[PDB]
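Undergrad: Would you mind keeping the following structure in view while I ask a few things?
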Amino acid sequence: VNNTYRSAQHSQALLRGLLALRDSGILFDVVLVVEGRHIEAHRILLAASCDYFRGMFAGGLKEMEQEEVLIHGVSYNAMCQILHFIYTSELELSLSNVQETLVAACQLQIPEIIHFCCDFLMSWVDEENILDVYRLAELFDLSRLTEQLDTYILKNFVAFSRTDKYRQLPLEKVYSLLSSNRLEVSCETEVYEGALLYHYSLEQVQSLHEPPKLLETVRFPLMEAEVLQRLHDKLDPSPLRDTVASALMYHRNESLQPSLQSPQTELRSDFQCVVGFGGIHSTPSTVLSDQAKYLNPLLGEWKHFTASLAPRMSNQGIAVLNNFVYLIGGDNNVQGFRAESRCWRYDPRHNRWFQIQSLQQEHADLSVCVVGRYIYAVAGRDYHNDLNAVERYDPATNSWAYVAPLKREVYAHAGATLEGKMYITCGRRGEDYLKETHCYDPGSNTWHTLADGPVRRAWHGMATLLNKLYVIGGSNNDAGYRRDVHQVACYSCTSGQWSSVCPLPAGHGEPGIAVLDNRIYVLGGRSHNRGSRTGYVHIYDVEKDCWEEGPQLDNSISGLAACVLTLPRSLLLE
Amino acid sequence: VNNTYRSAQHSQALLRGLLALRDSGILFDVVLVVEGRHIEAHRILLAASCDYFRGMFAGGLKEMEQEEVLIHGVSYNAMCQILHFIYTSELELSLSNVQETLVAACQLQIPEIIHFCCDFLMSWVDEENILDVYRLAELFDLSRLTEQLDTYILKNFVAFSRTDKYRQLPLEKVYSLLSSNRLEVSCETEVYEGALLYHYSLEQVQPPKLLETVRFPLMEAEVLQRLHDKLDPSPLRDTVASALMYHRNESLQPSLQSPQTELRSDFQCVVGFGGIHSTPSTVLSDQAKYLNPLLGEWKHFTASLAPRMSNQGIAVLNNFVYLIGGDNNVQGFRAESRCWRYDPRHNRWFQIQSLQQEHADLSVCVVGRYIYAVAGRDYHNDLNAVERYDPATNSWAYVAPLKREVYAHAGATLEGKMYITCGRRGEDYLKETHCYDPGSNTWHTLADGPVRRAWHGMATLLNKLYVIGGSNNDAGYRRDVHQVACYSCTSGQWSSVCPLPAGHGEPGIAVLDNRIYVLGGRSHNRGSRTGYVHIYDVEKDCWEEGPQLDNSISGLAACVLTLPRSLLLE
């Protein structure tokens with residue numbers, strides 16, 4: 001209790017001394033007189049906040065070496081306002097003096113006070129003072145006022161469309177703002193109405209003869225199919241007609257929609273709230289869940305979502321391509337060994353669903369990584385046993401493309417392509433437990449040597465987090481007994497070294513990779529020591545290097561996987 | 001409506017500005033020449049560099065507004081220390097700047113500097129620097145290190161007998177520690193010998209007001225009785241004899257209150273033990289954990305032989321509770337055979353004699369020869385036999401009928417005074433409301449309740465009992481009654497309070513530093529008890545998270561006794 005600390009009450013003592021000196025009419029070093037009115041404040045705090053004011057007050061003239069200080073060749077009102085704002089830490093503005101006060105604060109290099117005043121003015125801006133906001137922002141050129149004005153425009157464009165403010169606003173700026181995928185919109189009809197109001201008189205709307213350039217900013221494929229068809233029915237021959245035809249073709253060819261992507265088919269919404277799909281939860285019975293109810297660590301609470309057309313599959317392989325989550329196969333050995341062939345792919349970005357037919361693949365409980373237009377499948381099993389003959393397939397073309405066969409038979413194992421190279425580690429060839437790890441690169445179409453796991457575990461899948469094999473621990477009876485692995489370490493096979501990563505609090509093989517807010521979150525699996533599924537998950541980031549309590553899942557489940565995707569504002573609206 | 005935001009890095013900016021002003025060589029307003037030495041510096045920076053300089057030379061007095069300032073007792077060492085502290089922004093002591101600072105601070109008339117030097121010497125006190133530490137302690141004798149110095153002197157009295165630090169050590173603190181009985185000690189055999197050796201020399205073992213300043217009867221006499229028997233005669237032996245009869249007076253513990261039997265400390269709170277919990281949690285409460293305000297949580301401890309009583313009565317009569325039987329049929333009847341009484345004054349508990357009639361959930365006042373109960377009733381039904389409950393004497397005798405027919409009613413001593421509002425004929429709401437005070441044992445005249453409302457939640461509002469609104473099926477829905485009726489004879493005016501969301505029917509009454517807390521309640525809409533505890537302060541006009549009990553029980557008795565060592569240590 002004798003460590004040297006840092007003084008923090010010196011400023012309070014200095015302010016108290018300055019106030020005592022000022023109240024007694026002594027130690028008058030800085031004096032400001034405005035129209036015969038005297039204002040008392042502590043000059044110590046004011047002179048210690050910025051350097052421009054200190055240099056102006058004490059440049060070295062005769063004013064700084066006398067009881068009375070005179071400022072010649074300067075503006076008395078601006079200097080007095082700046083000094084008052086710096087000393088009293090308050091922004092006293094009016095309906096017409098807001099711009100002058102903001103300019104005075106900016107001249108004093110006060111970011112916090114100026115930003116607070118600008119935010120207060122924006123939040124208390126009347127309709128009759130609309131012209132007093134844009135002009136003030138243009139004249140002041142504040143680093144924060146422009147952003148506040150842009151946010152207000154983006155949030156009140158709907159209200160401005162009805163009023164004449166939309167007409168007064170620049171057309172080029174409005175078009176540029178609409179082009180960016182950040183504006184808050186509800187329906188394509190509203191966007192079209194806003195574009196028409198920007199490109200035509202508001203009174204006229206309440207002229208489609210001339211196709212404006214800003215009309216192309218509206219995403220035709222993102223509109224409703226019926227609405228798009230109705231618009232194209234009366235659409236005259238023009239670039240808008242071509243866009244409508246392209247959108248109609250994309251809608252009618254939804255089977256190959258991912259292969260017919262266009263620059264105008266981009267979404268614009270959220271991106272977090274990872275929503276889990278599938279999986280088998282022991283509580284209250286072994287059934288394939290079809291609801292979207294997860295626990296997003298970023299939000300700090302359980303994720304809320306509505307699963308529409310969610311397939312009833314457990315531990316299904318999840319592959320994300322073109323920002324779309326696809327589920328292929330999926331063993332259901334929890335309720336009994338039975339191979340699953342039917343598979344479906346969802347397209348939340350396109351607001352539709354696709355029934356991707358799957359070919360006859362002799363694999364179960366296998367993970368397929370879609371790298372580019374081709375995919376590779378590893379692990380797998382025969383009809384009643386495991387096998388080492390791994391055959392890949394391409395979901396894009398439903399073709400059984402040839403891939404590198406597995407080095408050893410894998411039972412309930414997984415394999416993912418790290419930096420475009422499939423990796424297989426641990427595993428168990430039936431009763432025998434495999435330990436050698438082979439990283440068969442899909443590009444080379446052959447097996448290759450890879451670094452063995454730091455801990456001699458079995459039935460552990462291979463996952464690629466941050467371009468590294470972030471898998472450690474594992475808990476299964478294939479190691480010899482139901483004994484927990486007391487040694488946990490992260491050995492990067494790609495780098496051939498024990499790269500530093502976040503240690504796993506619990507060891508579980510075949511963990512589902514889930515990245516949210518740059519945090520390596522792994523859940524699911526079963527603990528041999530506990531003799532059941534693990535319902536505890538921790539969301540910790542090695543990069544953050546912060547230890548805290550991760551969100552708890554709603555129920556204990558196994559074989560749950562998730563991926564990063566853009567979520568709509570409807571989920572956050574509830 | 002202006003607000004003021006202060007950054008946490010402004011101290012560094014102020015220091016940088018002061019350094020820039022000092023290094024500029026300009027903006028000098030005060031010029032002082034002392035001992036023929038001429039320097040240029042800022043007056044504000046110089047004042048802020050030191051601590052006592054700002055309060056001495058910048059106090060706004062006549063000397064602070066003069067060209068020349070007179071300084072007496074200021075040596076070059078003090079100026080060098082101030083300059084070093086200003087330059088390095090560090091304030092600490094070392095092995096080469098300890099004695100010099102203490103010597104130079106004696107003539108500076110700075111109490112803060114002397115106290116800081118004494119604290120630094122105490123934090124760096126070794127066997128080779130005993131004289132310097134003693135000199136620093138004598139120079140300052142800070143009020144914060146006095147207790148530590150006294151404890152160190154007492155624990156090493158053998159060495160302190162010949163050491164000069166004993167004369168400079170505090171005497172009042174040592175005397176207070178010696179007479180104290182709550183001090184942390186792992187034993188009472190070697191500790192007693194050490195205390196005896198510290199207080200008096202070994203030769204004595206083998207007028208003065210300080211000698212009589214020790215309150216032997218107030219402290220624990222159980223361990224000091226043997227020492228006092230062999231000691232000289234004193235008038236403190238009467239308390240030991242008086243307390244001897246209290247061992248065989250467990251039944252009459254509240255009646256045996258004595259002037260020296262006052263309640264030690266004011267550590268009154270709510271303990272999540274006792275009572276019968278039926279809704280909304282089907283878990284029996286057994287952990288007797290006491291919340292620690294220093295720790296902020298009720299840490300678990302070894303609750304060996306803890307008093308486990310179920311559906312026990314709750315009363316506040318001079319920190320002593322007396323009750324007979326127990327009935328909680330409104331929230332679920334539960335037969336129990338364990339009866340416990342909370343007596344923090346005696347720091348002991350005993351099994352009281354069970355009365356013939358199980359009458360409880362009423363107001364018990366420590367008046368007369370025994371505690372009196374207002375009429376009586378069975379566990380859940382009214383009975384034609386009227387008797388008074390006397391658990392202390394276990395005497396079942398017929399009593400006169402009460403003026404108002406009340407069975408299983410609710411009553412408590414609010415703020416140490418008995419009060420009753422409206423009434424209820426058990427679990428069935430009635431139409432006639434009469435306020436009978438259990439303390440007076442008579443139907444005192446009061447204002448008639450215009451609205452048939454009862455079994456509401458009562459809290460401490462305007463230092464008086466107040467019932468506002470209510471929650472029952474008499475209004476036809478689960479709404480709030482706009483009319484609020486409160487009887488405050490002492491206040492003389494109605495106390496406005498927010499309506500109680502949960503009704504309080506025959507619950508335990510607890511006072512914790514004039515802060516009413518409600519656990520459980522009555523929820524007619526849910527068909528069970530309240531699964532959450534909420535406090536609705538009228539002044540706050542908002543819902544705040546109060547102390548959440550471990551078990552959401554209703555009418556759970558609170559026991560105050562000696563806490564476990566692990567629980568006390570938190």
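Within each chain, counting starts at residue 1; across the structure tokens, chains are named A, B, ... in the order shown, with ligands numbered 1 upward in that order.
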From a DSSP calculation on the backbone, collect every residue of stretch 18-165 of chain A in helix (DSSP H, G or I) and output the set as an MDAnalysis selection string.

TA: chainID A and resid 18:23 43:47 51:57 62:65 76:88 98:107 111:123 127:129 131:140 145:162 165

Undergrad: Could you work out which residues of chain B fall inside 6 Å of chain A? Count only C-alpha atoms, and format the result as number ranges by chain.

TA: B: 2, 4, 14, 17, 27

Undergrad: With N, CA and C atoms retained, write the just-selected residues as a compact mmCIF listing (two decimals), in the first residue's frame.

TA:
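Wrote it out as result-v8.txt, contents follow:
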# COMPACT_ATOMS: atom_id res chain seq x y z
N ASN B 2 -27.88 22.32 -18.38
CA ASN B 2 -26.65 22.61 -19.11
C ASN B 2 -25.65 21.47 -19.05
N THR B 4 -22.18 19.32 -17.32
CA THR B 4 -20.75 19.59 -17.45
C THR B 4 -20.01 18.27 -17.53
N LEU B 14 -3.28 19.98 -18.05
CA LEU B 14 -2.98 21.09 -17.15
C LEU B 14 -1.50 21.12 -16.78
N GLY B 17 0.45 22.36 -19.78
CA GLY B 17 0.30 23.80 -19.92
C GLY B 17 1.10 24.58 -18.90
N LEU B 27 4.61 35.95 -19.12
CA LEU B 27 3.36 35.91 -18.35
C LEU B 27 3.63 35.80 -16.85

Undergrad: If we count only C-alpha atoms and set the cut-off at 12 Å, which residues sit around residue B:541, ignoring sequence neighbours fewer than 5 positions away in its own chain? Please answer as a VMD selection string.

TA: chain B and resid 496 to 499 535 to 536

Undergrad: Those residues with C-alpha atoms, as a compact mmCIF listing (two decimals), in the first residue's frame please?

TA:
# COMPACT_ATOMS: atom_id res chain seq x y z
CA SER B 496 -49.45 9.53 -0.13
CA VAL B 497 -47.99 6.25 -1.39
CA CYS B 498 -48.04 4.29 -4.62
CA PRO B 499 -50.49 1.36 -4.81
CA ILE B 535 -40.35 -2.31 -3.92
CA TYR B 536 -42.37 0.68 -5.18

Undergrad: Can you list, as a ChimeraX atom specification, every protein, DNA or RNA residue that comes within 9 Å of residue A:171 when you count only C-alpha atoms, leaving out same-chain residues fewer than 5 positions away?

TA: /A:166,176,198-199,214

Undergrad: What separation in Å, quoted to one decimal, exists between atom CA of residue A:307 and atom CA of residue A:412?

TA: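 Those two atoms sit 27.3 Å apart.
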
Undergrad: Using only C-alpha atoms, determine which residues lie at most 10 Å from stretch 76-90 of chain B, disregarding the query and same-chain residues fewer than 4 positions distant; provide the list as a PyMOL selection string.

TA: (chain A and resi 4-7) or (chain B and resi 15+19+45-46+48-51+53+97+100-101+103-105+108)

Undergrad: Record the distance separating atom CA of residue B:488 and atom CA of residue B:465, expressed in Å with one decimal.

TA: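 Going from atom CA of residue B:488 over to atom CA of residue B:465 covers 7.3 Å.
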
Undergrad: Output as a list in words all residues of stretch 30-143 of chain A that backbone DSSP marks as strand (DSSP E).

TA: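 Selecting the strand (DSSP E) positions of stretch 30-143 of chain A gives residues 33, 34, 37 and 38 of chain A.
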
Undergrad: With distances taken over only C-alpha atoms, which of A:356, A:114, A:295, A:560 is nearest to residue A:315?

TA: A:560

Undergrad: Give me the residues within 12 Å of residue B:241 as a list in words, counting only C-alpha atoms and dropping any in the same chain fewer than 4 places off.

TA: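 The residues satisfying every condition are residues 217, 221, 222, 225, 229, 235, 236, 237, 245, 246 and 247 of chain B.
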
Undergrad: Could you name the residues that touch residue A:346 at 9 Å or less, counting only C-alpha atoms, but leaving out those on the same chain fewer than 2 positions away, as a ChimeraX atom specification?

TA: /A:309-310,324-327,344,348-349,351-355

Undergrad: What is the atom CA of residue B:313-atom CA of residue B:565 distance in Å, reported with one decimal?

TA: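 So the answer is 27.2 Å.
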